[PDB]
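Each remark here refers to the structure printed beneath this line.
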Amino acid sequence: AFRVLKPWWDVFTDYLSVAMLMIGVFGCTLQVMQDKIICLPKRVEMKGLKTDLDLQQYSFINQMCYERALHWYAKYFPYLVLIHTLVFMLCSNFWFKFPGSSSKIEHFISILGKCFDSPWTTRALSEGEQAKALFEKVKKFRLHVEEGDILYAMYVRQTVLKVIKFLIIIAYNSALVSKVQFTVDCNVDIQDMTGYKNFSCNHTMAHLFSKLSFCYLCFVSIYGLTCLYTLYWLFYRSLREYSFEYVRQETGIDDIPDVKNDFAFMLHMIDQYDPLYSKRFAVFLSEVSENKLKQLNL
Amino acid sequence: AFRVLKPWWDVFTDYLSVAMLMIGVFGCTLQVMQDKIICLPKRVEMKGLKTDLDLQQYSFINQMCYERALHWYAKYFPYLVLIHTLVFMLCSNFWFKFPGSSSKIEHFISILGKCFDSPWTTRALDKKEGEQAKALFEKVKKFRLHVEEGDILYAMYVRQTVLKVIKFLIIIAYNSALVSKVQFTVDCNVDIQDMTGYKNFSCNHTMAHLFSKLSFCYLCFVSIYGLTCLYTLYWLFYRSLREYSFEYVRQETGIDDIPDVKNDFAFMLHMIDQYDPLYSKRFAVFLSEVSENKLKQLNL
Amino acid sequence: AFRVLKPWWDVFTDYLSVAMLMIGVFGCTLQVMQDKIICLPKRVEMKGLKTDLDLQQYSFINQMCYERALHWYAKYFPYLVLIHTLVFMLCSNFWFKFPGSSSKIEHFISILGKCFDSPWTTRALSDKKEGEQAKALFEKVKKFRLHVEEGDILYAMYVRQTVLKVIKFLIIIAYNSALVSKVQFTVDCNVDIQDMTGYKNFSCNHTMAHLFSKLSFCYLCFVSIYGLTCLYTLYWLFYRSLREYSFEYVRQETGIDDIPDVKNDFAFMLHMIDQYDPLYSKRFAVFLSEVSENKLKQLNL
Amino acid sequence: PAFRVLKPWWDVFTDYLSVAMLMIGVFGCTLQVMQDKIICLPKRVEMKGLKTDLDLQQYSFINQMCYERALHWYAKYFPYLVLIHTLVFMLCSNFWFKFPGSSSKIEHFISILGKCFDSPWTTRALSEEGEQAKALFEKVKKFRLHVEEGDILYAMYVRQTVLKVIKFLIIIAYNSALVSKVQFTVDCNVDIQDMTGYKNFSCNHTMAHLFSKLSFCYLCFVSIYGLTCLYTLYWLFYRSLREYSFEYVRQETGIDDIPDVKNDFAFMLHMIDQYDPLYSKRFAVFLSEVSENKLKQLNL
Amino acid sequence: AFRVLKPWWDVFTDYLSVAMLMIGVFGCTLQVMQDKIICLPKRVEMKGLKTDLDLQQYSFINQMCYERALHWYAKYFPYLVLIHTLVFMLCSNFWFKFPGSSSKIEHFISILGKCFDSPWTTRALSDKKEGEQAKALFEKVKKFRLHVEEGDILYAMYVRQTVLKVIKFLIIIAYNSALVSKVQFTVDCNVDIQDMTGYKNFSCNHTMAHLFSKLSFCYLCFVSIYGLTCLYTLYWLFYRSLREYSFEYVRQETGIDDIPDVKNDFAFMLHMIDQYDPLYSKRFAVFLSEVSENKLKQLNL
Amino acid sequence: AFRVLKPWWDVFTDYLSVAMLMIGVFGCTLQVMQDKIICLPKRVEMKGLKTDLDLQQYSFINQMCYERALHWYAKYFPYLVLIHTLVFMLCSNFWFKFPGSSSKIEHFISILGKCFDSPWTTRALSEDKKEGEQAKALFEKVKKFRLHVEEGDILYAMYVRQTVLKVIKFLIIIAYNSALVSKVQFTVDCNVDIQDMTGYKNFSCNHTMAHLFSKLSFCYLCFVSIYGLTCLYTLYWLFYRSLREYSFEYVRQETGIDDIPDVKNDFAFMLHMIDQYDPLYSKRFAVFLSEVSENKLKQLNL
């Protein structure tokens, strides 16, 4: 369960996150494969040129120039992708779970389920003890939940954190992508034990990392666009008070009150999945149905 | 139960997509498990030639000519086929998982599945059956009232099919365009003279002859896929889908008072009647108030 | 499940297909695992010859001759087997997953399964629910017979698929027997790479020659058996009017001499289900007599 | 499953032997392509070493040539024959479950026996309803009309063991005949002189002394299998299978009115009594008219 | 189910056999990885010595001396251990399978269990449902007393299997003591390959010569312990007269001097079972006297 | 099931045994993976020395010195660790699976579990026919068990035997492990007589995985040391409380029923073991041991 509070901008984000994870794991796999750098000593019929270097001196040169000339971005790109995917997924999961605010969600889901299976909605639009108990417990839930600010402000905090993390990711990926290069000009001072001073190196997974970087940049661009749209949606209509106006006109009940804060936010969240549970809640919220039920009882 | 709303074209295209995925992954896995390019210098009884090159200079030349001589298509073909296969998969399944387009579909399928085991159909042409049938009538009436004005369950289908058609066209375009560039032996002209001593090289691409065959197979499969998509698009345009005609049904049933439904209900009725051209008649039975009149007359 | 509507051949050939697939993949296990063609230059007590070649020139020569000398059949043998096995598996399954050709299958299977367990079957030859149960199954039989007794849509596809399978069997035998003799162990390689290696003519050995030849012979045997089974089926479909069925012997045995003789698609499916168990036909024909309707209405009232 | 009751001791013994043969064959195949098969050196028809002056690929060429030009076909393709024959034994031992003729009758028989296996009427009548007992009876009477008409479910079990026995005989024949050709040191005389420089070679087959012991173990296993097959063939012949005699039941029961059946049902009774000797006694009680008449009289 | 019938030595020998299997498989899995032989030619400031041999002549020498210089015991140590361990496993739990050997044990276990908790035993030692239960107990007691008296089918097999285990012990310890000194580190390989390598005498080192040695000792030790247990079993099967049972102490303790002596298979089974628990014997003996039947008949009325 | 009958000192050792097993397998795998001894010849601007040895000469030298230069501890430490851990596990899991002394265990567990939660227990300690009948049956089961168990001494000798065996094993382990721990060193000197085969007589060798073993060795000792202490404590517990006899003193005073007897022998030892887990199961059992309870149930039957 728990999928009812999932607007269209919450499964798309999960798909984007899993795609980013796939990109990162592919990058790490390619990192572990291949021989990485390859360096040769620069000198500054067509017979070959004899460098006269042992088999271990090549390994020494390659290892020294792999951590002396390559830019720090070209060596730790998949790791950064993995870290950012991890933090995005954790931020997505942290809001809902919050070990200490989940019960308010499970009990609310149970309330929605019970109000969904009630067949009295049809009669109201135009076993009594069970309904009375349901009304009493719904009143208890209202009085218990309608007070605090714990389901709106922290959602905004999550979204703002996501947007700022995005802005930073775009910021430093845009600049540090022209430094992923194929051929580099390693220049070290190992002259008394190798014999050569200037070496030219050829990083292998350069173009592939450039393509992966472009793909990752586009995927984030879409993710940040989604999060920015959500934040703007939360900050141009002020979804803190819910006005039950159309329900009153299209239902006939004239005693429909308006709820405020967290319950209003949860109603706002629900309507994206199906704009019909508010119908059941409005029908169940009237005090005249219980009056008629007890009048019939007597 | 979603397979009912899946005509033959949308199982044939699904099998085509699966085959595309398998060929693409085969190519991708074969690419790595191979020695790739191999280059040698050019000298522009028999006795061998002494090049006097080290063991690392060979690797240097190989991995330099790999990215300085080979065409971009010959290197990233499995990746392209994987990407396009993934788009094709998440281009036809998107019309189901979009929020706001799922509740109507599940309600429709529930009503259709339920409106099959009703004795009234047999009797048309005991307390439980009457109340259950009345509940079915009320549910159908309210659902019809629901899906009558907001007609977003059909434009998405045409849009996605058009997207598939245009993607197919471009796929064919630049696969036929750049399929003759996958050659076996190539010439590499890189300027590394003070490092290795040779300026001109001749290279062989190990997987050049296999990639051509896989490209041809992919071209054939995508051509068949595009032909199916064009047929579906044509079927979606040769007569209005936002209306239905219970012409012969009313004539052969003698209940000629049922109105002709339109918009989303009509379109899904067109889609479903292809799978089984009988269910529509069942719906007719549970769209006439005359059945309710018979029920009330029998009760009263 | 969907196993009753399958004669012996349709459960025999199936095994062959999977067997074929195994051979296919088996080849693919080695075609990329074992070391491929090995080539040496040719110069046309005992002391060896110094060719004076590096270790990369050897790889160059090997993978150039591998594609400039070997026949196109010796390299792609497993892939053709895999493709043909897959397409046979597809053709044999173009029977249950084609909208417009599966509704009748499921209807008939469900009706047969529910009718075989009906008590009226054993009561005919010597309650409350059974009344309307038998009634409803009777209208279901009536509507089914009025439904699937006009067009042979589902009998015109079995013939099509079997004919295509026979044609493909012929093609496979033809071209596979044509080129089975070109898989050779030792070959000659005449490529003009002298400015880069110094040697013009090479002699090569293809590592997987005998193994491919033996696998090819096994594949030919399997395909021949497959084609013989398909030929038997084709002969089975044309030696009488398969589109008509007569309820004569059942009437003689039982005594209810009023069940009509069906034709077309339902007759075809009844023949198929008869090729598996000669008991279903009678158990269903007993629900086709007007006298049975009279007995049912007398019992109910 | 529900078909596990048709397994005498020898059938399960043969299954265990066959899985053991498969294990040996897969072990042999695993060792086949994991080592270097052959090692060949040229022959030259103070102590110092002698230099061949051969490259590192001419050794591979020589090894690969002499491996398929000097080794007997038995030493190379040994494990595959073991796998083929184990697979064929597995197939032959089960070619009477999948045939439609035998598949239907076995299922019907097991269903009838299972239905009779949970009938409290038998326990009540022996130790100390209606339609279920009555209906089960009518099935039995017609059951011994469909089954006792020909040799279908019994002819297979006698026509397959003969094939198994003959296949065992031929296996022993050409496996003992060609076990002395697995040599360790062999000679190779190939005419490759203008390419390598040496004409005569001496070769060692690394996996020679192990294939001999594997062959001996395989011969022992197949010999035990063949002894089992001969035992079951003799058991199928020393006394008639087409007839079953209800002899001891008459003395141990006293209800001397049960007739004796023949043919496929007789063979099935033979096998089931070879199984746990408790199904026959339970099933025989549904053949006496006395119990049915008593039940009818009591009910009416 | 049948574990209650297993005395201590059965589980002890089972654990020992499992340990033998463990060490054998450990030896085999160490051999598969690192087992090899290193051979060098012999020449019967400081500088190194040049042998002037390629990388293939070393492999030739190694794999020739590996089978012309190593004793067959060192080559295959763990395979024999595995074979013998499997033989011991099959020898154990052998008499449980060849005969029926399922009813004769399970029924006895069930009767002993339901005789253990019979309230009549407690009533005597200090409705109709109890009467019929006791009658059933007595009648099946007599039924098995008469039925099983046919020979020795659950007794001779035990002696046969113990004897076979003892003989396996004797032979195994014999030839493992005989050959344990044939495993060495350094060996001399005198093979005649002179025109192909140039060297006639070689000295070779075996990798796991000091390992297979130590393991062997451990293995031997385990076997030794095994044998002792088996010997004890033979002492138990040879000293006590298991073919007859004598109900002596019950007569003096209870005073009801009418219980007859049981013999043969039931005597042996009681001798075996009383080891697990010396209380089931008296519970079984209670239901063997005619006075108990007389009391049962009197109470039934 | 087998949880209540396990004091804390029998679960601390359970954790320690698995810790030792994992350390041993870690050592074994790190041994099988990495390279063994590496040896070089000795010569008993700078320029390198050319030994002039082939690639198989070096393998021969390494393989011979690995066995002619290394002390047997540095060679086979981890298998000793594994053997001793397995022996400890066998010792600790002995009396649960020894025929002739295991049936009593589940009999006692079942009886105690049955009488732990019964309405009659609550009713009797406060001051239907089915409940009375089941209580009566449980009374007979307890009465027969008392005579079934309260006569032998087999479940007490085995416990002390296994504990003393574990203690002596711990002593031996610490003894020789401490003795042979300074012989696991890094650089060793190899002196083999091969002059006609390789050309060099004296070699110097380095054992690759030496220091690591030493580290592991110390860890092992610590665990064993702790293990020993635990065993010692248990060995002290058995020999100072007089575990043979059990007194129902506290139960009588806090319940008032002055007819519960003092049990001895095997049953007393089992009660001593169980009350070390939670000291109220004894009360629930003692409820089902009073003739007063039998008389009360007999009266309530009427």
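Please note that chains go A, B, ... in the order of the structure tokens, that every chain numbers its residues from 1, and that ligands are numbered from 1 in the order shown.
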
Please list as a PyMOL selection string every residue within 9 Å of residue 265 (chain B), counting only C-alpha atoms and excluding residues in the same chain fewer than 3 positions away. chain B and resi 108+144+147-148+242-244+261-262+268-270

Check which residues of region 38-60 of chain D sit at most 9 Å from region 203-209 of chain D using only C-alpha atoms, and return one row each with the closest pair of atoms and their distance in Å to one decimal, ordered by chain and rising number, as CSV.
residue,atom,partner,partner_atom,distance
D:38,CA,D:205,CA,4.7
D:39,CA,D:204,CA,5.2
D:40,CA,D:203,CA,4.0
D:41,CA,D:203,CA,6.4
D:42,CA,D:203,CA,8.8

Taking only C-alpha atoms into account, what are the residues of chain B at most 6 Å from chain A, put as a VMD selection string? chain B and resid 51 to 53 99 195 to 197

Shell around residue 51 (chain F) at 7 Å using only C-alpha atoms, local window under 2 positions removed, as a ChimeraX atom specification: /E:47-48 /F:49,53

Prev. selection, C-alpha atoms, output as an mmCIF file, in the first residue's frame:
data_model
loop_
_atom_site.group_PDB
_atom_site.id
_atom_site.type_symbol
_atom_site.label_atom_id
_atom_site.label_comp_id
_atom_site.auth_asym_id
_atom_site.auth_seq_id
_atom_site.Cartn_x
_atom_site.Cartn_y
_atom_site.Cartn_z
ATOM 1 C CA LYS E 47 77.221 -18.568 -10.835
ATOM 2 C CA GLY E 48 73.843 -19.749 -12.035
ATOM 3 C CA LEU F 49 73.334 -8.690 -10.142
ATOM 4 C CA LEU F 53 68.433 -18.626 -13.251
#

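Chain C and chain E, identical in sequence, superpose over all their Cα atoms with an RMSD of 1.4 Å.
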
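The two atoms in question, CA of residue 16 (chain B) and CA of residue 80 (chain B), are spaced 16.3 Å apart.
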
If we count only C-alpha atoms, what is near region 287-299 of chain D at a cut-off of 8 Å, once residues fewer than 3 positions away on the same chain are taken out, given as JSON, numbers by chain? {"D": [255, 257, 258, 259, 284]}
